[PDB]
Amino acid sequence: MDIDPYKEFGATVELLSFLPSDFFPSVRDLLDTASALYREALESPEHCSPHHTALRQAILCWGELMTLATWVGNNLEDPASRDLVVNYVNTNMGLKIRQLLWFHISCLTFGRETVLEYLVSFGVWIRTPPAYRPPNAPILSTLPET
Amino acid sequence: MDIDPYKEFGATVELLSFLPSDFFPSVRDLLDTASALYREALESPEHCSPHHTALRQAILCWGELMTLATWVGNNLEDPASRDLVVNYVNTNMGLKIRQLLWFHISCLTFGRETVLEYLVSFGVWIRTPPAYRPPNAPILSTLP
Amino acid sequence: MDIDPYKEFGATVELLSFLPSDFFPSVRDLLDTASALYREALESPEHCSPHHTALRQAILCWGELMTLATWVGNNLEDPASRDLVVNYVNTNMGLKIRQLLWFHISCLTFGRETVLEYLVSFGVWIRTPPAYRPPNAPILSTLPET
Amino acid sequence: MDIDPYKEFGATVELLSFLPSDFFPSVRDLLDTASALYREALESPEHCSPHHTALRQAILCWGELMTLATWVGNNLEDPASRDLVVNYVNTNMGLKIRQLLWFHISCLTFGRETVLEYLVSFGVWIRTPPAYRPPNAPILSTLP
Amino acid sequence: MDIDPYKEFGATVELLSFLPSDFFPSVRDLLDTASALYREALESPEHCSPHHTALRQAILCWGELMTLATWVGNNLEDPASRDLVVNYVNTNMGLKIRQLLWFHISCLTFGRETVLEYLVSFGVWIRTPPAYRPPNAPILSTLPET
Amino acid sequence: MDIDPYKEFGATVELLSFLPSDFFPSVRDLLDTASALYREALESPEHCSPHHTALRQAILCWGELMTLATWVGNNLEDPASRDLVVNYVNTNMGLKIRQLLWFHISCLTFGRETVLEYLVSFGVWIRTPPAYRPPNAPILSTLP
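Chains as they are written, first to last, in the entry's author numbering: chain C, 1 to 146; chain D, 1 to 144; chain C', 1 to 146; chain D', 1 to 144; chain C'', 1 to 146; chain D'', 1 to 144. A prime marks a further copy of an entry chain.
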């Protein structure tokens, strides 16, 4: 139509595409982070922030894709096709699900503004020549003192 | 963690299960009604309501599954497997997307309280044995 | 002794008997309606209304009868007797459990008065000759407007 | 859904399990004590207390199981199966009815707080190894 | 170092040792008492009293020892050693875990002072010659009236 | 009942799982740091904080498991079984004791909020793919 999923958050899929693809943690790890942090936050009968709302749907999405991987693994004779599809679920669609979970999860943990600033800083920092950039890549601030 | 998608909206998947699987319109239809009613509402830089937000992730999801179907059509050569899998995307996984789309779309066109009393009243209309069922089922409408 | 279960609710077993037996939904369906509507309502450490209180006990009753169906199915050699009893659990005792769940469940969903009025209206409507009754049978009102 | 029957009354089935199975009086006895103490209270057109309400469903239930036993006696011809099943109604399913009846009947004769401190104090009396157990167990009474 | 577990509660391991070892209920029974009484009390994201705090850790301790009994039962060929260790877990370490659960559980149910007074009274009562002590041993008071 | 040990402290075992198993110092080290910092705090007739209380049960526990290891060394004669079991006490069961000790010890040296933002920030440092990870990991310190 189309509808950019981050547009309501002051971001774009092109803004998330600014970071290298070889950046977002595998979806099992993000899910692990969510369950560790916001399980009771999500399983509650109320939207807290739009970020939660987006996040639940994202997780249900990966849950449906996981169900798909199970059915495809269980119900196909050809191994070349079954392997190509089960691998496609995580390699291609998994990049989008990865950035999707990662964006809201970071947005809850730090803030929308902090993540936006981060996408910018890392997007620039990776693009700069090694000689003229700060020695270590930017990370997400939490408790930096004494 | 389980997290019921409707739980934030005062519902449960058990509440949606009251409706028969042969009830929700094909996803293409919900999408068309969505674009017809709430398109500018969705393509907005500001998030309007929680329903819009849930809805957008729903739509983007279905778009991703459609991309999966196109990719399955272009990549796989054998027709038995590609036909079994392209069908599993539409018939099986499509139900979950259908229920969500219908739930928010209807919540938007009428309201949450209307949709909920509706799920209950429809629950009564469906639970009734056929011999004693009213000639017409309840529907949502603004007149009525 | 005896104690009519609905008497505290301003009703009678004879009042529920006014409706045809071929009316109440099978118990799995009622349970489905309960779990869909009042799971969190029932699993809470407090009686909300007497209707809840009656309802929990009713459900525990059907749970005991279901346990009975399992033991009878698992622990008998004769198939004629095992089938006759397992069928008797739902056919005969199941009518009473059906009306029992249905009455409180409707009483919560609409109101005691609304259900009483309904038992009356349907009890009359089924008894009237087809020519002189409204074309469609009464149903339980919820949201009838525009 | 699981819903513990005593949960609304500030108890759990785990709390009742503190009492041994060889503790609750046969259901006929509870019924007799019930009719002796609270019969007019039960046959009342007005619901008195939540305990009465839970109690009535309990009694009506046991009456239904008794009807089941009579029907099993009249319908089945073979004695091995009818004797195994008529016994399963009294010995096995009867325990759950026994605990409920005893719990409310006792809650009525004394009170909830008395019944609860009782379940605890009895829990202590039973948990104790026999060598160190008091000559007499705790009981409920109004004097004492 | 050492740290007496009851010292913060106004007690000592020597104070618990005052009672005969053949007194504390087997750990499955104590756990049963805990789950019956304080399941919702313990599974809550807050320390209520230090007694709860001690108690959770005690239960996790017995849970680890139970896990140990499972691994030792499952992963050893020699039966004399496997039986000697699996029996040692409950016989020796189980006395300490028993008194540990029992002390806090009683401390919650009655009070710290009531349990201290009880350890004293029973410790004396068992030590007195039969002729000159009260006929029945002391028990933990709860609701003694009419 | 499950009861997560950290749940009372605003954490979960899932929150501690963010740290790799090859992260927590051997239990002897935590104990030594404990005696070095909070020994008089622990040997006190008054309970100071919930962390101290949880900590003492943790320490007494590990002491009991160490007694178990000594007893296994003195009782068992066969070396295959005694070596397999004495090792299972240190490597396997030791992890759970390690996490608890480290969690409270660190909560004491710095504070709960510091430890929690730490578990999160470390979660970010670890979740990152190696190619893009910062040259140094976050640590707790009072300067910094």
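Just so you know, even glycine gets a beta-carbon here, dropped at the ideal spot from N, CA and C.
Could you give the residue range of the alpha helix (DSSP H) that holds residue i?
i, result
"residue 152(C'')", "Residue 152(C'') falls outside the range modelled here, since chain C'' spans only 1 to 146, and no answer is possible."
"residue 58(C)", "50 to 74"
"residue 121(D')", "112 to 127"
"residue 28(D)", "27 to 37"
"residue 14(D'')", "13 to 16"
Nearest CA to the CA of residue i: which residue from the options?
i, options, result
"residue 47(D')", "99(C'), 8(C'), 47(C') and 35(C')", "8(C')"
"residue 101(C'')", "146(C''), 58(C'') and 2(C'')", "58(C'')"
"residue 107(D)", "11(D), 1(D), 44(D) and 3(D)", "11(D)"
"residue 6(D')", "64(D'), 103(D'), 88(D') and 72(D')", "103(D')"
"residue 23(C)", "144(D''), 133(D'') and 138(D'')", "133(D'')"
"residue 115(D)", "129(C'), 99(C') and 144(C')", "144(C')"
"residue 56(D')", "21(D'), 66(D') and 44(D')", "44(D')"
"residue 40(C')", "136(D'), 125(D'), 1(D') and 86(D')", "1(D')"
"residue 122(C)", "130(C), 93(C), 19(C) and 80(C)", "19(C)"
"residue 86(D')", "72(C'), 21(C') and 118(C')", "72(C')"
"residue 125(D)", "125(C'), 25(C'), 70(C') and 94(C')", "25(C')"
"residue 65(C')", "130(C'), 3(C'), 88(C') and 21(C')", "88(C')"
"residue 92(D)", "112(C), 70(C) and 92(C)", "70(C)"
"residue 90(D'')", "68(C''), 60(C'') and 52(C'')", "68(C'')"
"residue 140(D')", "118(D'), 131(D'), 130(D') and 129(D')", "118(D')"
"residue 49(C'')", "112(C''), 136(C'') and 60(C'')", "112(C'')"
"residue 4(C'')", "21(C''), 29(C''), 54(C'') and 35(C'')", "54(C'')"
What does residue i touch in chain C' if you count any residue whose Cβ is under 7 angstroms from its own?
i, result
"residue 59(D')", "3"
"residue 53(D')", "8, 50, 53 and 54"
Please compile the residues from chain C'' whose C-beta is within a distance smaller than 7 angstroms of the C-beta of residue i.
i, result
"residue 132(D')", "23 and 137"
Pull up the CB-CB distance for residue i and residue j, whole angstroms please, since I reckon it's below 8 angstroms.
i, j, result
"residue 97(C')", "residue 62(C')", "5 angstroms"
"residue 142(C'')", "residue 127(D')", "Their Cβ separation, rounded to whole angstroms, is 13 angstroms, which puts residue 142(C'') and residue 127(D') out of contact at 8 angstroms."
"residue 99(C'')", "residue 31(C'')", "The Cβ separation is near 14 angstroms, so there is no contact."
"residue 94(C'')", "residue 13(C'')", "That belief does not hold up - the Cβ atoms of residue 94(C'') and residue 13(C'') are roughly 15 angstroms apart, past 8 angstroms."
"residue 81(C'')", "residue 78(D'')", "6 angstroms"
"residue 37(D'')", "residue 52(D'')", "In fact, because the Cβ distance is near 12 angstroms, the residues do not count as touching under 8 angstroms."
"residue 146(C'')", "residue 120(D')", "Contact doesn't hold; Cβ gap of about 18 angstroms is too wide."
"residue 130(D')", "residue 135(C'')", "Residue 130(D') to residue 135(C''), Cβ: 16 angstroms. No contact."
Residues of chain C with a CB under 9 angstroms from the CB of residue i: which are they?
i, result
"residue 66(D)", "None at all; the shortest Cβ gap to chain C is about 11 angstroms."
"residue 18(D'')", "32, 33 and 36"
What residues of chain C sit near residue i, judged by a beta carbon separation below 7 angstroms?
i, result
"residue 142(D'')", "146"
"residue 78(D)", "78 and 81"
Taking residue i as the query, report the chain D' residues whose CB atoms sit under 7 angstroms from its CB, ordered along the chain.
i, result
"residue 36(C')", "Those within 7 angstroms of residue 36(C') in chain D' number zero; the least Cβ separation is about 10 angstroms."
"residue 119(C')", "The contacting residues do not exist; residue 119(C') stays about 17 angstroms from chain D' at best."
List, in chain order, every chain C'' residue whose beta-carbon is nearer than 8 angstroms to that of residue i.
i, result
"residue 128(D')", "23, 25 and 139"
"residue 10(D'')", "45"
"residue 125(D')", "139"
"residue 42(D'')", "1 and 3"
Output, in chain order, the set of chain D residues within a Cβ distance shorter than 7 angstroms of residue i.
i, result
"residue 109(C')", "120"
So residue i contacts chain C'; which residues on that side make the cut at Cβ distance below 9 angstroms?
i, result
"residue 15(D)", "36 and 37"
Run down chain D'' in chain order and give the residues with a C-beta less than 9 angstroms from the C-beta of residue i.
i, result
"residue 116(C'')", "Within 9 angstroms Cβ-Cβ: nothing; residue 116(C'') doesn't reach chain D'', min ~14 angstroms."
"residue 91(C)", "Correct list: empty, because the minimum Cβ distance to chain D'' is about 15 angstroms."
Residue i touches chain C at which residues, Cβ-Cβ below 8 angstroms?
i, result
"residue 72(D)", "85"
Find the residues of chain C'' that neighbour residue i, judging by a C-beta separation of less than 9 angstroms, and give them in chain order.
i, result
"residue 75(D'')", "81, 84, 85 and 88"
At a cut-off of 6 angstroms, would you count residue i as near the ligand NAD, judging by its Cβ distance to the nearest heavy atom?
i, result
"residue 104(D'')", "Ligands displayed in this structure: none; no statement on the ligand NAD is therefore possible."
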